[PDB]
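Quick one: the structure is below, and I'll ask about it shortly.
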Amino acid sequence: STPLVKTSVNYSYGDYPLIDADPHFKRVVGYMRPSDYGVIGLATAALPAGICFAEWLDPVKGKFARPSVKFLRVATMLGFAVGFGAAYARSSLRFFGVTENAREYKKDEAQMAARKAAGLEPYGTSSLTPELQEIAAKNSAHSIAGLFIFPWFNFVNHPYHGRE
Amino acid sequence: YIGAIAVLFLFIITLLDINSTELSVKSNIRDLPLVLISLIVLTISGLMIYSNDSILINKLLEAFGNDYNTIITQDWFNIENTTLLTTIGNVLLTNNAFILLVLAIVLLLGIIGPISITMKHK
Amino acid sequence: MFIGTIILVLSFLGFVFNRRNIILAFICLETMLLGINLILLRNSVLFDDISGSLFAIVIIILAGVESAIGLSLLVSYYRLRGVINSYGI
Amino acid sequence: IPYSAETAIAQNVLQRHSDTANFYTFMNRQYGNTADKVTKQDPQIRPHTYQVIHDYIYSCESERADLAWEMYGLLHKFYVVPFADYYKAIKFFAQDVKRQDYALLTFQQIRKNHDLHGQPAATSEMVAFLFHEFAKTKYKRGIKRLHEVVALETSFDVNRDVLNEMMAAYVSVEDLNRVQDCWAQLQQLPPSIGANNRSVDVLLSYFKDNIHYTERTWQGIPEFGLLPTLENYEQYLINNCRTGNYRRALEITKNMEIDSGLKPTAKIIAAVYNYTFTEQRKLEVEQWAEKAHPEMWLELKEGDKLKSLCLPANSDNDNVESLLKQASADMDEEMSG
Amino acid sequence: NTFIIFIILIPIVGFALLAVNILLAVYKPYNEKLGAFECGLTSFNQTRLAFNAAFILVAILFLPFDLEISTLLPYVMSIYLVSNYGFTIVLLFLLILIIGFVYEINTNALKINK
Amino acid sequence: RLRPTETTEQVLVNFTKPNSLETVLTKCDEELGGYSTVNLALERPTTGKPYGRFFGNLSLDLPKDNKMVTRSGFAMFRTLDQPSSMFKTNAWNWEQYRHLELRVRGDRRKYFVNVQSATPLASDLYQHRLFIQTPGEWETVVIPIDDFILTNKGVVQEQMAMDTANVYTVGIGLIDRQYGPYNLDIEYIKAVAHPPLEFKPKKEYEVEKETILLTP
Amino acid sequence: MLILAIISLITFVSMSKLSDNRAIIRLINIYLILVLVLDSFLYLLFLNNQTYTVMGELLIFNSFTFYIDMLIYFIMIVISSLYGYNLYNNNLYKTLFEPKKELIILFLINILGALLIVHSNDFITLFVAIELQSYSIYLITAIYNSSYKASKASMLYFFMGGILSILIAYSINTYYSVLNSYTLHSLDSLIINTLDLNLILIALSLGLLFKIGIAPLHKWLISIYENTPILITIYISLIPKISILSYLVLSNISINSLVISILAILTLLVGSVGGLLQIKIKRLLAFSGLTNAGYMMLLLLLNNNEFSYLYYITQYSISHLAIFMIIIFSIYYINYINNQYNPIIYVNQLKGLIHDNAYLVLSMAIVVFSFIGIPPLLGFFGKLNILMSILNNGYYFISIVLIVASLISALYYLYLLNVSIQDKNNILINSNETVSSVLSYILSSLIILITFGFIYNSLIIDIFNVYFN
């Protein structure tokens, strides 16, 4: 769990304190606000609603025909996908100290306090060699900036989170 | 390049021959004048150097020579039986895994495209 | 590099002149890619660096995909499928 | 086997069991793999096993329409089929139940035999008929297929009748270029053989929503040396009605019997009522009818021919001309069956 | 160095190709009996032949699929060094390729005459 | 202004001129071992416009002097192949015509309008039959450009659109599988742009009417 | 968000009928709309011009890349709306604008290639993205292969782009041979001063700029644009140009380049003068794009040009989409259709359009004036930013060439309006069919953006000053 290269300490990505430069996927989902789940449901209902509204505005074959259940289900799955991506990005920018993250900061503080009390490592221990840990951290560093393009999440318990 | 690319080249050409379909041979004399103009321009560009060639052609002169042999030294810093393909796999799967995924999308394109432009759907 | 650069030069000028010999032009594309790969591999060997060889294999894969797409284009262009659809719907 | 037994044997297989798989196997034992080219049994010698196939071929319904195709194939491989039977099969495999793919292939069958074997060639009567059948189901694929067959034909040629139905085929698929192309070829022909009432009938139907070109088409009829017919007047009345000219339509119907002597029919008067989309203008249509055509109206009330489709109430938000398109488009479906 | 070789080699072989191509300027004007092809007559009576799109698709798609397979060779040579991270990357690579394989299976693009 | 010229017509086979015949060549099956004959005349009589004459015999007998052939008996004429030497255009541009009109007296023979245009293959031909409606009298038969059917070796093929930007030659030929003399008198062939909709028979042919239009 | 869309489209389109193409394209239209409106908050990552490196230094991420990315989604939404939504509900318009089964997948893969071009930080990633975009755009050009006019353009574009990509790879490998590196992070002021790698970057810029078609290699792409279907031409003539020009702007490898300046002047002159010699709409718009490309290439000669380039590329994208959509809408008001793929060819076919749809002609007049640069439209302000940037660096002859080119181009721009405001006595063969409400709304939104985007000039300037400095 010993880092191999030097990393920035308490770097400020915004106007809020840094919680985790490269938070884990389970970490990001666990630190998710109810508003983010509201966003997920909003998108999950919006794509089918968007399809229905587009059908109402301009029917495909002239006559108004509601889309078949297959299109509704595909739109529901894609809506859950886009909502989950937006929620993950919002939680990440909370971790990056860009938006308001006071409650997340307090939960993070209590969490590593409990972990240190239990006698564990701060960001986990891995199945990967330290070189692979560094490669994973360098690949997944700030990968949320490309949410428009590709999905990529940190599934490696690497120590390169930019904290003390 | 041989068992796939060249095989497919020869396959496609053989498809053109069994039912004899001679390919029409168009005249390139249409494009010859532009080649004339461009190549004369390039020769003139190489020509007005003249005096400056005495300090530039010499670079190529010692470039051609290369009359020194590389010295090969041995060391024992390597213990693992690592070959070139192993290093390729390591870099492509860890350092440049994103490139591997984008080439996966490229192969996906190479699968989809021929299907899209070769068959008439329904 | 000598051999790669000269293959590239010869194939490039074969492409520029014919330009209407689609079989031979596409062959020249393949040979120019081969000539570039040779230069890249030689420089990778000289520098003892893996990036040259990695880019070489990437160029190989891209060249294969490009060749597949181009041969599909030639199939569509020359109507290799044949017709014999006479007396049919 | 003896011929007399074969009559009852074959009759039991098809009409009583419809065992198509068994039916194919039986004849390969009597005549025997006619691809061997040894027998071409003449129906004229004994049209008994020929008839039972001929009866079941021309009796299949929409569900069994596929089955009629296989039985047609055996009828031609085994027995020589008269050329006059081609007309019945083409009309059967098209204008009879549902299927039009076999209409083209039946026409293609005449072509293949004429080119290779030497059978008598197809006449232009089928392509004129088969265009008309294609212009009923809006079959875009068959029209393109048949056109290029016509464009490279060394047996029959294009005449007045082919162009008329070819033009009608293109109106169904809405091809503004091909429609004008066929009109140029008809126009450049002498009126002796050329632009007829069928030509005007298609041409008016293609200008159904253009009042300007419908009118100039109407003045076209006197120039070509023609007198409008009852089927010709009806579409003109529809076109005037569907573009909001309700009032002008009545004067045309009122004065048509004076001008031409062609008394208005039920399919004319019911058409004017159907395509008038104003509740008061619909009333003025049924003002002369009670006192000029009393007997022939009364048989339209119980036949459900009259339809009271009109324009919405708070519909002044949209264009009136846009309403007439939607009202007439709905009315076209109601009169399609 | 490659640029230098390129630039100086361009004029020499360029002029050589220019001269050898100004040669065909007039040659074999193909005065062969091209009369039956400018009319539309056929003299084969046979040799129709056919090629289903699936046949040429098998031939063409041999190449991208072979590239997909041969891309697995670098992985099996470093399987232990990149064990779990590389295992996940190869799983994603294979799933992406199987997306295209599913495309070619569902489309039934590769089924020869039925 | 100074833009490329736009026009509604382009004469392909003009005839009606002292030279005329220099613009076209002929090809019968004498190129093969066949016995069909082709010959192009030039008639310039009075009380009318001078026209070309395209006659001959189309004996379908096979060439009993060789064996690799299977079917013979053609006779055609075409415009001279487009001279593309070093600098000129290369071919014809038909991107603003959509029609080709030709004025001709016909007979019982079945002629084909043959068009040669740019194509990846060599022997591809765009051909549409010349429908002679009125035999013995002149008719301006119009053929839409985007209705020619692509044929290679005489076989209908994958119907891809003509390359109207690059057209080489236009001609009329006989591939009719019937014996006997043939004749066809042409006096022009031109490609004509889209005509606006008209509702009169023609100005060249007319029928008795009231003549509402004021006389000049 | 794009990879998942590509995978889901392959899976769904595999198991769908041909009639579901419109519905699938609509689904992706709303999908991309929600991606923009719901994930737009990611712009908070780039306060004070903060920059990130992603995927092992293989990708770069900043406000410039984010803005080009969002613009590419907006353009993709508009173009995909042009395919999913039916302009007129009749069989003719059914036939003309019918999407292919794989067209949406190819579109998204080409968008992915363009974005990877914009976000590239390494020459290996740059080349891979270039090859992805090139193969996708070849397949886009060739997917309508029922005509020889389109087939010749497809084959020419394949071969010319193959030569260009080979030249790009050769330049990249020469750079690697010189420096044993594949990234620009090894280039500094000392590196440029000490060693002569300028020619390598000139060759790379040459190969990249020829892909979008600057002079003297403009004729092939102009022929391709002329011969491809117009719904394909609207896409193939905007997105690759945006990707290449954005990569060139962010790379910043052509400071005060004599070769780049001369080629930009040549491009401007050729585009302006050759436009005067055009009677076809497609060729005229191709030369218009050439002139705009020359204008944007003039911005490659100086630093701190992010605002001017961004403003000009956004306004040009909007105007390009608007002008092609106006040409598409005008198809209904002509008496005949040239081809199934290109239904309108000559500018003369638009003659008298003011008597069929006066407001369509008004919108076209607005977009043409914005192309010319008449205030207060967005085109004038983009050209003004270009002029300010070039005068800040002392390129006076370049400014004179720019002004002369604009004045010359105004002639063939007003050619369109003068033809369209004529009188056509030939009445239509079609009447009263209603045009699509969604596409009409999108066109009107584009026109209103062009007309009244100058309201937010100060707001955009402040946002740029706070997010790019």
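Note that the chains are named A, B, C, D, E, F and G in the order they appear, and that numbering of residues resets to 1 at the start of each chain.
The working rule: contacts are C-beta pairs under 8 Å (C-beta built on N, C-alpha and C of every residue); 3 or more make two chains touch, one makes a residue touch a chain.
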item: Taking each chain's C-alpha mean as its centre, the one farthest from subunit C; value: D
item: Chain whose Cα centroid lies nearest the overall Cα centroid; value: G
item: Higher-contact pair (C-beta pairs counted), B-C versus B-G; value: B-C
item: Approximate Å spacing (C-alpha centroids) for the pair subunit A, subunit E; value: 42
item: Intercentroid distance (Cα basis), subunit E paired with subunit C, Å; value: 9
item: Averaged-CA centre spacing for the pair subunit E and subunit B, given as whole angstrom; value: 15
item: Sites on subunit B at which at least two other chains make contact; value: 4-5, 8, 12, 15, 19, 21, 23, 25, 27-29, 32, 35, 87-88, 92, 94-99, 101, 103, 105-110, 112-115, 117-118, 121
item: For subunit E, residues contacting two or more additional chains; value: 1-2, 5, 10, 14, 18, 21, 49, 51, 53, 56, 60-61, 63-64, 66-67, 71, 74, 82, 85, 96, 99-100, 103, 107
item: Shared-contact residues (touching 2 or more other chains) in subunit C; value: 8, 17, 19, 22, 39, 51, 54, 57-58, 61-62, 64-65, 67-69, 71-73, 75-78, 80-82, 84, 86
item: Every chain pair meeting the contact rule; value: A-B, A-E, A-G, B-C, B-E, B-F, B-G, C-D, C-E, C-F, C-G, D-F, D-G, E-F, E-G, F-G
item: Subunit F residues within the subunit D interface of the complex; value: 98-99, 110, 112, 127-129, 131-134, 139-142, 144, 146-149, 151, 156, 159, 175-177, 194-195, 197-202, 205, 207-209
item: Subunit B to subunit F touching residues, read off their complex; value: 21-25, 27, 29-30, 32-33
item: Touch list for subunit B against partner subunit G, complex; value: 95-99, 102-103, 105-106, 108-110, 112-113, 115-117, 121-122
item: Subunit F residues touching subunit G - in the complex, by the definition given at the top; value: 1-4, 6, 95-96, 98, 118-120, 146, 159-165, 194, 196-197
item: Residues of subunit D that touch subunit F when the two form their complex; value: 147-148, 151-154, 157-159, 177-178, 180-181, 183-185, 187-191, 193-195, 213, 216-217, 219-220, 222-225
